[PDB]
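Peer 1: Sequence, then the experimental structure. Questions to follow.
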There are 4 protein chains.
Amino acid sequence: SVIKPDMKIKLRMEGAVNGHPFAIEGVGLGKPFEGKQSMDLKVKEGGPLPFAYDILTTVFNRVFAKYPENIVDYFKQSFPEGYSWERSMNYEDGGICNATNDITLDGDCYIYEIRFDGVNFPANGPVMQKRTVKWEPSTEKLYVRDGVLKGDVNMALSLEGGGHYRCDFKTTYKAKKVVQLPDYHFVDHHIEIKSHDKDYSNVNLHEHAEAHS
Amino acid sequence: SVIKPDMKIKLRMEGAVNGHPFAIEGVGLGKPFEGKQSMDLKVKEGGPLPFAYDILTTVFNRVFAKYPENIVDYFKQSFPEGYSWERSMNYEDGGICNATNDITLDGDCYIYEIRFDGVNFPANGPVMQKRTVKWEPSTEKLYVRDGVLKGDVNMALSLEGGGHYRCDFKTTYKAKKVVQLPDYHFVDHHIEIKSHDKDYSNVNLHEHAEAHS
Amino acid sequence: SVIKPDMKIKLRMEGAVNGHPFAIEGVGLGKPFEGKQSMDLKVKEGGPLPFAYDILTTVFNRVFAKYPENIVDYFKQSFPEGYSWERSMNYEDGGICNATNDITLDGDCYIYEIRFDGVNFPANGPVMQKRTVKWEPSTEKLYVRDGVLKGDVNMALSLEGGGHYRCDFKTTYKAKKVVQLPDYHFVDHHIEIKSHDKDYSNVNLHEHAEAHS
Amino acid sequence: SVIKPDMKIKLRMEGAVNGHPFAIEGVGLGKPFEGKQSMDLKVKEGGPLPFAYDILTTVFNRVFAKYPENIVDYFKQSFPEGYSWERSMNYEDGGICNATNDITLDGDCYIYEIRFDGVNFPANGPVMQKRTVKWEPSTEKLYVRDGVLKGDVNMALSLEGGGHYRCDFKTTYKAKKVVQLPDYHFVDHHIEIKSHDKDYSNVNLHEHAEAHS
């Protein structure tokens, strides 16, 4: 009833990388039951971004994940009230990004309030030199911890001219009401930038996700 | 030719946890092309083990993983010469286990020389209090780094009376000859202790693994 | 010439902890050559703060450090233009705080623009439980990398009722102009909340710092 | 009574780095009350060592630390029975070394049983490249947890041609009998290889340590 087959997305991200502020706004559409979403993002402050756009994309909602009937869906349960999440993104060269998303619902439209803060990316690293190609597909591991839901994922950015650049995601998901806590399960992800302009001031972003156990 | 549908396993692990030495020997059988193996393990030194047996089980060979024709198989390529691996296992409460395996082939039998060293497990933690139930199934992420193969996995031990206890695996695999390096891929794992005696001096251990991309 | 024996401080911090937004303003005075400073801090938004105030205090300027003749002073060199820093603060229970400070100089007064973002603090951890007493005195180790100055410190919070809580600091300092780079050295720190009200709405904060080789 | 102004040291280390096995023996002498020691170390197996010798030196006894009257001496208290320690050494490029030392006393001579295991050192990192010069002087922070003594230290290796390489030490000290526990304190360390041959087959190693509050 609350979750519709076709829903809208509106977001604003405010943040900084290595002390340099930026802001991005986005509008999109998603199919919660099919685990598919797409959005168009516009850099409003800090452009052209002096860092790899890819570090931001997984911050731009696990309601857009196909959950089978036999797995408890923490996220679709949380609405209309919604949920928030916190995440640390620990890169292998010491770059660390912290992010949050507060997700509310206005009719058939999700509203995101996002904060993003990254520090200690080396000037000669693949992030500050914009040498990333894409995130590889992933499998997130989800488990309950002290009444809330945790999700951890080993992530990897493919690099221009070969190799990978690793990042460890640790997410905590917090429902704004009492919902059923799921057993240990997995979510397969695949995030892709389908189109962008020269300096990534405009980006079309897609994600597909499916839960399994 | 070198890899047979039915192969044998013989291993010896020497190690220590929190400064207390132990040794385990095992014999087993595996189906390399089906990604299935099973073994019987006997504690030879340090028994009865004062720590959770589960911390050891993933140390007791990625040749026992079903690789599809479209994914380069680093491990089956490495034989008859074989390969070695190194691993750090970083637990959330500061317990750290380092492990190595040197894998050789004698006819149709793999021979493992294993070293295992764990430190800083709290006395009141789930490892030293033997409060673990099993490892959850997992998805390992494999990627090439500087001419060798890396494999990282987010692991979780289910606990007696609820909850999970997290560990981060970082493995480096090193072929003893020049082999083809694979593209980014995944291996699904499920390791299970099928039977054991009261103090885990005798353990029957099973693993199923399948690669995908 | 621009560095005076007696100088003023004005600051604003905007931040969030576990997605809870807050803002703090500060006014103070410091003696750059004696490595002593003090300030009055006022919570302006997000009060009363639902976390241990001590996580913020080391974010509220290494210009206030007594540097001997034999060590190059990276920070006093940087003015009037000034410098900025970025820091990751990695707590032993997985809580991570990222912070930045952009420091400018207007007359005899330093102006700070501060951002603070902490995520994944466990509900039952000493930060969210407000169970910290003080930071123990510390020794920061400073070393050059990639033409900028790094500062790392092993930090510990004393806990109410006994025990300690560990945090590892990794700071990158960045002068806004080309300055002479120092060799490996140490800075001894002692930070103390001298007075506060019940909810820490008002805090008097003191720091003493001295460099040595 | 059992602690004399002049005491002897005999040790054996068995270990591996990146799966390469080695063994080292040592004989030395130390002055427990002055916090000074020196020893001659001889590679017995696995020579010539294919890694930076400096990773081993802090593993080759806090009984050799000058303790003032106002601080409880955990280590001198523990004898004649003695104590053991465990340590994780986490390097910034992902190399991790675990080590243990079991220290006993026979007459005026300390006997060490040492285990050392390092994994995941990158082929192009300063350890496998043998590009380290020395450990910088350090300050260890010691604090009680769970009835045992913890010691943590932010460590840095000076690199040949310039720059530094960071490692975080986490040590747990365990007395074999019930002893008085100290409050939070510091131990200043200075470790130096005074002489060695080309392949480090023979090494003369010195350490000076002093506690302070």
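Peer 2: Perfect, I can see it now. Numbers count the residues shown, from 1 in each chain, chains lettered A, B, ... in the order given.
Peer 1: list the contacts for the residue nearest to residue A:176 when sequence neighbours are not counted?
Peer 2: Closest residue to residue A:176 apart from its sequence neighbours, by CB to CB, 6 or more residues apart in numbering or on different chains: residue A:81 at 4.1 Å. Where you see a C-beta, it was placed from the backbone N, CA and C, and this is true even at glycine. Applying CB atoms under 8 Å, 6 or more residues apart in numbering or on different chains, we find residue A:81 in contact with A:175-177.
Peer 1: quick one: which of these sit in strands?
Peer 2: residue A:175 (DSSP state E).
Peer 1: What parts of chain A come near chain D?
Peer 2: Residues of chain A found near chain D (CB under 8 Å from any CB of the partner chain) are A:92, A:94.
Peer 1: In chain A, which residue sits closest to chain B?
Peer 2: Per CB to the nearest CB, residue A:139 is where chain A lies closest to chain B, at 3.8 Å.
Peer 1: Contact partners for that residue?
Peer 2: Residue A:139 makes contacts with A:153, A:186-189, B:139, B:141, B:186, as judged by CB under 8 Å, 6+ apart.
Peer 1: For the strand or helix carrying it, what is the distance to the chain centroid?
Peer 2: Assessed by DSSP states H and E, residue A:139 sits inside strand A:138-145. Distance, stretch centre to chain centre, for strand A:138-145: 14 Å (CA atoms, centre = their mean, to the nearest Å).
Peer 1: which helices and strands sit right next to the helix or strand following it?
Peer 2: Downstream of strand A:138-145, the next assigned helix or strand under DSSP H and E is strand A:148-159. Counting contacts by 3 or more CB pairs under 8 Å, 6 or more residues apart in numbering or on different chains; DSSP states H and E, strand A:148-159 packs against strand A:132-135, strand A:138-145, strand A:164-175, strand B:138-145, strand B:148-159.
Peer 1: Any chance of a markdown table for the ones you listed, columns distance to residue C:159?
Peer 2: Formatted as a markdown table, the helices and strands packed on strand A:148-159 follow (distance: least, CB to CB, whole Å):
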| stretch | distance to residue C:159 |
| --- | --- |
| strand A:132-135 | 39 |
| strand A:138-145 | 22 |
| strand A:164-175 | 23 |
| strand B:138-145 | 35 |
| strand B:148-159 | 25 |
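Peer 1: Residue A:55: what secondary structure?
Peer 2: Recorded secondary structure, residue A:55: helix (DSSP: H, G, I helix; E, B strand; the rest coil).
Peer 1: okay, now it: neighbour count?
Peer 2: 24 (other CB atoms under 10 Å in any protein chain shown).
Peer 1: Let me see the contact set for it.
Peer 2: Taking CB under 8 Å, 6+ apart as the criterion, residue A:55 is in contact with A:17, A:89, A:97, A:118, A:127, A:132.
Peer 1: near chain C, from the residues you listed?
Peer 2: Answer for these near chain C (CB under 8 Å from any CB): A:97, A:118.
Peer 1: With distance to residue A:158 and secondary structure as added columns, please give the contacts of residue A:55 in JSON lines.
Peer 2: JSON lines is the format used below for these (distance: CB to CB, whole Å; DSSP: H, G, I helix; E, B strand; the rest coil):
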{"residue": "A:17", "distance to residue A:158": "20", "secondary structure": "strand"}
{"residue": "A:89", "distance to residue A:158": "17", "secondary structure": "strand"}
{"residue": "A:97", "distance to residue A:158": "18", "secondary structure": "strand"}
{"residue": "A:118", "distance to residue A:158": "19", "secondary structure": "strand"}
{"residue": "A:127", "distance to residue A:158": "13", "secondary structure": "coil"}
{"residue": "A:132", "distance to residue A:158": "7", "secondary structure": "strand"}
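Peer 1: What about the contacts of residue A:55, which one has the most neighbours?
Peer 2: Among the contacts of residue A:55, residue A:97 has more neighbours than the rest - 30 neighbours, counting by other CB under 10 Å.
Peer 1: need the contact list for that one.
Peer 2: By CB under 8 Å, 6+ apart, the contact set of residue A:97 is A:17, A:55, A:88-89, A:91, A:116-119, C:98.
Peer 1: what sits opposite it in the beta ladder?
Peer 2: Beta-bridge pairing of residue A:97 under DSSP bridges involves residue A:89, residue A:118.
Peer 1: Against residue A:60, how distant is the spatially closest residue to residue A:76 that is not a sequence neighbour?
Peer 2: The shortest distance from residue A:76 to any non-neighbouring residue, by CB to CB, 6+ apart, is to residue A:3 (5.0 Å). Distance of residue A:3 to residue A:60, given as CB to CB, to the nearest Å: 20 Å.
Peer 1: more neighbours, the two?
Peer 2: Neighbours per residue (other CB under 10 Å) separate residue A:3 from residue A:60, with residue A:60 holding more: 22 against 16.
Peer 1: close enough to count as contact, that one and residue A:205?
Peer 2: Yes: with contacts counted by CB atoms under 8 Å, residue A:60 reaches residue A:205, the gap being 5.9 Å.
Peer 1: residues shared between the contacts of the two?
Peer 2: A:26, A:39, A:41.
Peer 1: list the contacts for the closest residue to the second one other than its chain neighbours?
Peer 2: The shortest distance from residue A:39 to any residue other than its chain neighbours is 2.7 Å, reached at residue A:28 (CB to CB, 6+ apart). For residue A:28, the contact set (CB under 8 Å, 6+ apart) comprises A:8-11, A:37-40, A:205.
Peer 1: again with residue A:164
Peer 2: A:136, A:156-158, B:143-145, B:184.
Peer 1: With residue A:137 instead?
Peer 2: A:188-190.
Peer 1: repeat for residue A:123
Peer 2: Here residue A:123 is in contact with A:129, C:146, C:148 (CB under 8 Å, 6+ apart).
Peer 1: Can you tell me which of these is nearest chain D?
Peer 2: residue C:146 (9.1 Å).
Peer 1: Please look at the closest one and residue A:122 and confirm they touch.
Peer 2: Yes: between residue C:146 and residue A:122 there is a contact under CB under 8 Å: 6.1 Å.
Peer 1: okay, these two: which has more neighbours?
Peer 2: Set side by side, residue C:146 and residue A:122 show more neighbours around residue A:122, with 18 against 12, by other CB under 10 Å.
Peer 1: Doesn't that one belong to a strand?
Peer 2: No: secondary structure of residue A:122 (three-state DSSP): coil, not part of a strand.
Peer 1: and residue A:56, how many neighbours does it have?
Peer 2: Residue A:56 has 25 nearby residues by other CB under 10 Å.
Peer 1: Spatially nearest residue to residue A:67 (excluding sequence neighbours)?
Peer 2: In space, residue A:67 is closest to residue A:73, 4.2 Å off (CB to CB, 6+ apart).
Peer 1: The one you found against residue A:183, yeah?
Peer 2: No: here residue A:73 lies out of contact with residue A:183, judged by CB under 8 Å, at a distance of 11.9 Å.
Peer 1: For stretch A:145-153, which outside residues touch it?
Peer 2: Stretch A:145-153 is contacted by residues A:62, A:74, A:138-144, A:168-175, A:181-182, A:187, A:189, B:154, B:163-164, B:166, C:122-124 when judged by CB under 8 Å, 6+ apart.
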